[PDB]
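Chain by chain, the residues run as shown.
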Amino acid sequence: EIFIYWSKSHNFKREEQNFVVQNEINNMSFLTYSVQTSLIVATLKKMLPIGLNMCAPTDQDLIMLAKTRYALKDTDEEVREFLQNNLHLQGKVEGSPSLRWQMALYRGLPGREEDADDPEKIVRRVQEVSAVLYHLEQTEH
Amino acid sequence: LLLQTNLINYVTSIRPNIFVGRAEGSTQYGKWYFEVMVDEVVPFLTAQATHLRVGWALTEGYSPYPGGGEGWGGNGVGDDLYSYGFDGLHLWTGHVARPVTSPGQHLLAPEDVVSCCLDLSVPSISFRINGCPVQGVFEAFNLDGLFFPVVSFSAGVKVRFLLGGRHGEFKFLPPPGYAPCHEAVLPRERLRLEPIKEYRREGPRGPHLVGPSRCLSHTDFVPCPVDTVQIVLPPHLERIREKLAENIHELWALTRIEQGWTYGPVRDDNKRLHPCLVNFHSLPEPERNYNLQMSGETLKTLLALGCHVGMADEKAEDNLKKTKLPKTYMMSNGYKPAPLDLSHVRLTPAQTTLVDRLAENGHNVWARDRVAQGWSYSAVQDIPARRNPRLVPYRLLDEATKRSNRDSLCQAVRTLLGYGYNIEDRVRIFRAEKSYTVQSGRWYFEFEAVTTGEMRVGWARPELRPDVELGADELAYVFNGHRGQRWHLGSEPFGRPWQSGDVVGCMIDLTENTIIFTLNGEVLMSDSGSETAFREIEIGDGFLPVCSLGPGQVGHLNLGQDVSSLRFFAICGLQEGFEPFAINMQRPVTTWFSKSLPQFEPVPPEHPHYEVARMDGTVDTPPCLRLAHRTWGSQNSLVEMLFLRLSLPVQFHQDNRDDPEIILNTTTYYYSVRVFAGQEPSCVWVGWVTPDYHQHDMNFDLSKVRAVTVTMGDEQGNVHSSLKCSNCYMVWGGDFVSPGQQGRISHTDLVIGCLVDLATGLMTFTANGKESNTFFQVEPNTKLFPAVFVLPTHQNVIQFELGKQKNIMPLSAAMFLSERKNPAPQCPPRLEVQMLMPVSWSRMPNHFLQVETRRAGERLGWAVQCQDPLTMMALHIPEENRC
Amino acid sequence: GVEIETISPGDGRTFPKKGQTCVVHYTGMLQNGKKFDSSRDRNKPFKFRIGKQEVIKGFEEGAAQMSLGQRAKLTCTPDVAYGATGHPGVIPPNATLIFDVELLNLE
Ligand SMILES: O=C1CN(/N=C\c2ccc(-c3ccc([N+](=O)[O-])cc3)o2)C(=O)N1
């Protein structure tokens, strides 16, 4: 959330750059022009696997759909409503060979699998990761 | 002409960790003796046969890899000529079996005791089955290396090793003077039954990969000290020669009375009367002189090594006295030790470093005189036999014994310091089959590091070469972990080393051409900030997983096929998206390893240094094959081994005008070799090789050739057959130079001609038209390749000549059936020049002997058994007797 | 002729007689190491009779002097075996045969 707040505003980036150049903060010793060395970006890059873990591999199918929905400057509420309108397009577990072992890994080692049935939680856990993945693209570009 | 195929068995070998050899000394009983008892044997558990031989082997050349080999595969004791075996009626050496006469000859049936005897004074190996001797022995085999017992078996036998008692009871009395093989145990190591030169070992969670072993040489048991021959012993040091002697003498006397020694006439601990309790001036004459020379050598070691000493003080020495001793040191006769004061001085850390070197030298010198007297190492102590378990010079001694020598040396050094006088097989590269090359997607495989050492893991091109270390060329992207480095063309550091067990997660990503290496859950970082090992990699043919375990190193490659088995996949690699290298494969990935067996291959057309040119035969010269060193200026120069790509078998015996009635009925064949002027003849060997020559030596000479002699006789002497078996029949080119011409560079080419008679097996060599006095005799059904071994000293090195002589049927008449009666020299394109390569790729069998040759140290000997059958489809090449 | 040797001893008193069916497991090879035919790969024994030869004559001499499981190595010479006519795609004209025979006949 802090990352997208930083991304969808020019003044935040300008002030961060000015602060860094003014204080001459290394911004590299903490992690052991200089956008790639930004503190927020590095923190989100380190914390992204946490967000990816809570998403099922079946939600990967709806990931690009949510990204395309957000491509039109959409909001969280309308994106969630659109995803819930067609929440049946996810799955295809038996239609691909690369999804079998992913589902097996998801089911096997962790604990409870989010009660295995939560339509309301699926859109909630998909929207945030889709927004994060979208906002991460512009930083590298 | 056509590639044959057949079903052959899988044969393995099992040896005990007992090594004997012949050298200048320190390991010489001269004779050894062991037995093998057969419990049960199924003769035809499979379609082909059951393999079981026993005998001896050499530690430098015997290395039977599972699968194919020489002949029809299935190599054990016997084949490759580095081993000498006996099945139940044949003496197996070289590759051919020679039948032997026995009272009731039969195969190794159950309840059979075969005893093998090895003699090193005269090199001979003898066998005795069920007590009755076998009328056949080996002789005149070169003792270059160590000898160990070995048994070869294949899928269905069960035998026991009756070594020496307390490790297997005997069934027959050994011949006199023969040790029961239970000595030479090298007390730093215990007794074990292990395979020979393995590259794959079963582990707790999969097959571990093993690099080259650290074998022992035969020049390791001989002790060599530093040179102290030229020692002046100046008067200041000469004066303190005896002065030091009685200090160690009395200190060792009190160390002896620590267990309770007393002065008496006869040394026996039960009797407790060893004469050792007199002063130095009152010691018996025999050991007195030895004590003086040892005490002097204590000073000569310091003098010869360096560390120029000087008399720092003399006044302190004049006032030093003897420390008080209790009544315990007093003994019945009246002797009392007089230990000099020792706490008044303290050795500096430099002295603590240099003291152990003097003990190293002292033990070597001590062993030297003992082997000069005729003493040898033995696990069982035997004073009347002139043995005790301490002749191992320094490096393979037990640490419990090591302390006494350095204790005595430390006391001697502190005595000197107290009296003033201050004192000042290269690399085993593992890979994956070239059909698994990946050109898209993201992949992830792990590599556990069981041991810490020179081991490299990474991704390599499918055209990887086995004779070059990984990272030296652009065909590999590996990460060295001994110190921490990334190897593509250099040695740039790439993080921290490993520990005892450290999984390395190597992932490649061909979407943007990056390679990243991870330790146990952490992404490795380079110097500044890269976070990636290699970037912008030009993707070409593909990439394969690689592994480069060094000598004495054990690893564990986990390509995939079990996501749950990957220990650190979920942490780093799974979320970013990295399919393990093996996911949807019901069969494990087949690996290919670099087998260090020198085989002959054709000279590459684009060799950096060597070049071979074919020239047609003119009206005066025959067809020729020249060799030129195209980079003689500032490039590589080393010995090389060559032979012609075709053989000629020996048939079974059971002017310049040629006239037809002799030339069309002769059986002699001729080929000549011309050495160009400027190349020294002393570095040229011309002759023939059998299809089982695998010696890639760098200091080759006629004394390093393999040889053996098998002698057959009746039940007392009267030998009938004495066959000399070898794999290299050539004559040194340095024996054809006149003494007057020797000493400079000549200008006349030297021509050596070799004549082979395929009807009688006679071998002759002529130099410049002059017949030599050296000849060889071969056996029927022998394949010989025209071979020339040369060390280049010129850009015009050597030239093969498929020439002709007066009705001698030129060489292009026995290798080809069509031109059987054609008296014209020829050189068809199939006949080329093949050079010897150091290493070559090989295939790891999918299923080894999964029974693992179950062995255990049972009370009645060490038992090893194999139960499950194993077969493979061989592919026999007829011209070169391989499989 | 034949140069029958011994590999595994048998009984020594149960030699085959006239008009009897002998069961053998044999592996043939030329006198150079290249095997040309075997019976164990076919997973069936070979049955032949004396006086009804249907077999090379040297094999008959070799199997004649056997006793209920004696493994032998028979060497058959030309004019005792296929001889100068040889065998198309099989043993060359002038070659000797070596047979590793085991007489496991159960009568
Ligand atoms: O090998 C032997 C020989 N021997 N008995 C004979 C002698 C006589 C003197 C010594 C002697 C031993 C050790 C040291 N030292 O430790 O410098 C100095 C002198 O041994 C015996 O009981 N073990």
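Cut-offs and rules
- Residues numbered from 1 in each chain as written, not as in the entry; some residues may be left out.
- Chains lettered and ligands numbered in written order.
- Part of a larger assembly, values for the part shown.
- Heavy atoms only, no water.
- Residues with missing side-chain atoms left out of burial classes, pairs and counts.
- Helix = DSSP H or I, 4+ residues; strand = E, 2+ residues; numbered from the N terminus.
- Contact = heavy atoms within 4.5 Å.
- Salt bridge = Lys/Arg side-chain N within 4 Å of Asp/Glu carboxyl O.
- Polar contact = N/O pair within 3.5 Å; in protein donor to acceptor, adjacent residues only side chain to side chain.
- Nonpolar A, V, L, I, M, F, W, Y, C, P; charged D, E, K, R; others polar.
- Buried area = accessible area lost by both parts, 1.4 Å probe.
- Core = buried A, V, L, I, M, F, W, Y, C linked by side-chain atoms within 4.5 Å.
- Buried < 20%, exposed > 50% of the residue type's maximum accessible area, 1.4 Å probe, protein only.
- Near = heavy atom within 4 Å.
- 1 Å grid on protein atoms, 1.4 Å probe; cavity = no way out; pocket = protein on both sides within 12 Å on 5 of 7 lines; lining within 4 Å.
- Points joined across faces, edges and corners; volume = space filled by probe spheres on them.
- Pairing = 2+ DSSP bridges.
- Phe/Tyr/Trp six-rings, centres within 6.5 Å; stacked < 30°, edge-to-face > 60°.
- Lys NZ or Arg CZ within 6 Å of the ring centre and 35° of its normal.
- Axes fitted to C-alpha atoms, helices over the stretch in contact; angles between N-to-C directions.

Chemist: I'd like a description of the overall build of chain A, backed by residues and values.
Modeler: The helix and strand inventory of chain A stands at seven helices and zero strands. Mapped from its N terminus to its C terminus, chain A presents α and β elements in the order α-α-α-α-α-α-α. In terms of its C-alpha atoms, chain A occupies a principal-axis envelope of roughly 55 × 35 × 25 Å.

Chemist: Requested: an account of the interface of chain B and chain C, with residues and values cited.
Modeler: With eleven residues of chain B in contact, the opposing surface of chain C contributes twelve residues. Run the count over chain B and chain C and you get zero salt bridges. Inspection of the region where chain B meets chain C yields one residue pair in polar contact. Looking at the side of chain B that touches chain C, its residues break down into six nonpolar, five polar and no charged.

Chemist: Explain the interface of chain B and chain A to me, using residue names and the numbers behind them.
Modeler: Between chain B and chain A, the residue contacts involve nine residues of the former and eight residues of the latter. Counting each side, the surface lost to burial between chain B and chain A is near 800 Å², with a carbon and sulfur contribution of 69%. The three residues of chain B that bury the most area against chain A are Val 563, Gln 575 and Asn 584 of chain B, which together make up 52% of that side's buried surface. Seen at the junction of chain B and chain A, the total is zero salt bridges. Remark: the boundary between chain B and chain A carries zero residue pairs in polar contact. Here the side of chain B that touches chain A is built from residues that sort into six nonpolar, two polar and one charged.

Chemist: A description of the nonpolar core should follow, citing residues and the corresponding values.
Modeler: All names here are of chain B. By size, the foremost hydrophobic cluster in this structure holds 70 residues, and its most contacted members are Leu 52, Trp 56, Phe 138, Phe 147 and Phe 161. Apart from residues no more than four positions distant in its own chain, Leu 52 is found in contact with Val 38, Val 41, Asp 87, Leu 108, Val 151, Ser 152, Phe 153, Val 157 and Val 159. Membership of the second largest hydrophobic core comes to 44 residues, among which are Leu 644, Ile 798, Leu 802 and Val 833.

Chemist: Break down the site of the ligand for me, citing the residues and quoting the values.
Modeler: Residues and elements named next belong to chain B. Surrounding the ligand, one finds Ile 248, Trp 252, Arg 267, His 274, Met 294 and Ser 408. Residue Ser 408 places a side-chain N or O atom 3.4 Å away from an oxygen atom belonging to the ligand. The residue inventory of the shell around the ligand, partitioned by class, reads three nonpolar, two polar and one charged.

Chemist: Tell me what's going on with the side chain of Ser 83 of chain B, and back it up with residues and numbers.
Modeler: On the secondary structure map, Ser 83 of chain B appears in strand β5 (residues 83-86). If near-sequence neighbours (up to four positions away) are discounted, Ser 83 of chain B is found in contact with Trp 56, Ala 57, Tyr 62, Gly 76, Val 77, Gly 78, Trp 92 and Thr 93 of chain B.

Chemist: So, the pattern of salt bridges: which residues are in play, and what are the values?
Modeler: With the rule as written, the count across this model stands at 34 salt bridges over all chains. Measuring nitrogen to oxygen at the nearest pair gives 3.2 Å for the salt bridge that ties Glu 194 of chain B to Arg 192 of chain B. On the basis of relative accessibility, which here comes to 17%, the residue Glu 194 of chain B falls in the buried class. A salt bridge links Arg 40 of chain C to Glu 102 of chain C; the nearest nitrogen and oxygen atoms lie 3.0 Å apart. Residue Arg 40 of chain C is located in the loop between β2 (35-38) and β3 (46-49), and its partner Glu 102 of chain C is located in strand β5 (residues 97-103); the two are separated by 62 residues in the primary sequence. The class for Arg 40 of chain C is buried, based on a relative accessible area of 12%. What emerges from the salt-bridge pattern is a single network uniting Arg 15, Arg 192 and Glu 194 of chain B.

Chemist: Explain empty space enclosed by the protein to me, using residue names and the numbers behind them.
Modeler: The space that makes up the largest cavity amounts to roughly 130 Å³. Of the residues belonging to the lining of the largest cavity, the class tally is five nonpolar, four polar and two charged.

Chemist: Requested: an account of the pairing of strand β11 (residues 147-154) of chain B, with residues and values cited.
Modeler: All names here are of chain B. Among the eight residues of β11, eight are classified as buried, and the element is accordingly described as predominantly covered. Residues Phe 147, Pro 149, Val 151 and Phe 153 line one face of β11 and the alternating positions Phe 148, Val 150, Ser 152 and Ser 154 line the opposite face, and both faces are buried. By the bridge criterion, three bridges tie strand β2 (residues 12-16) to β11 in an arrangement that is antiparallel. Pairing of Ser 13 across the sheet is with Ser 152, part of β11. Of the strand pairs in this sheet, strand β4 (residues 51-58) and β11 are connected by eight bridges, and their pairing is antiparallel. Across the sheet, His 51 pairs through a bridge with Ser 154, a residue of β11.

Chemist: An account of the arrangement of the chains is needed here, citing residue identities and associated values.
Modeler: Take the two pairs of chains in contact: the one carrying the most contacts is chains B and C. Separating chain A from chain C is a minimum C-alpha gap of 42 Å, and the two share no contact.

Chemist: Could you give me a rundown of the environment of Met 641 of chain B, with the residues and numbers involved?
Modeler: You can see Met 641 of chain B is positioned in strand β30 (residues 640-644). Along the primary structure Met 641 of chain B and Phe 600 of chain B are separated by 41 residues, whereas in three dimensions their C-alpha atoms are 8.6 Å apart.

Chemist: Describe the packing of aromatic side chains, and please don't skip the residues or the numbers.
Modeler: The way to describe two aromatic rings as a pair is by their centre distance and the angle between their planes. Residue and element names in this part refer to chain B. Enumeration over the complete set of coordinates arrives at 46 aromatic pairs over all chains. One aromatic cluster in this structure is built from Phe 447, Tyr 477, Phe 479, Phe 494, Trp 498, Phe 517, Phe 534 and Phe 543. In this structure, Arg 53 is placed above the aromatic ring of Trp 92, and the distance from its NZ or CZ to the ring centre is 3.7 Å. The aromatic ring of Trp 487 is capped on one face by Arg 456, whose charged end is 4.2 Å from the ring centroid.

Chemist: Describe the sheet that holds strand β28 (residues 610-615) of chain B, with residues and values.
Modeler: Residue and element names in this part refer to chain B. With respect to topology, seven strands assemble into an open sheet ordered β28-β29-β41-β32-β37-β38-β39, the strand pairing being antiparallel. Each edge of the sheet is formed by a strand with only one pairing partner; in this case those strands are β28 and β39 (770-777). In this sheet, adjacent strand axes meet at a mean angle of 20° when their direction is disregarded. Taken together, the five bridges between strand β38 (residues 762-767) and β39 define a ladder with antiparallel strand orientation. Among the inter-strand pairings, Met 763 is bridged to a residue of β39, identified as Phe 776.

Chemist: Explain helix α1 (residues 57-64) of chain C to me, using residue names and the numbers behind them.
Modeler: Looking only at α1 of chain C, the buried set comprises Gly 58, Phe 59, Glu 60, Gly 62 and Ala 63 of chain C. Turning to α1 of chain C, the residues buried within the fold contact β1 (21-30), β3, β4 (71-76) and β5 of chain C.

Chemist: An account of the environment of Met 712 of chain B is needed here, citing residue identities and associated values.
Modeler: Residue and element names in this part refer to chain B. Mapped onto the secondary structure, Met 712 falls in strand β34 (residues 707-713). Along the chain, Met 712 and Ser 722 lie ten residues apart, while their C-alpha atoms are 6.6 Å from each other. Ignoring anything within four residues of it in the chain, the contact list for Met 712 reads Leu 91, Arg 98, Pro 99, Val 100, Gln 135, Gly 136, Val 719, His 720 and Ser 721.

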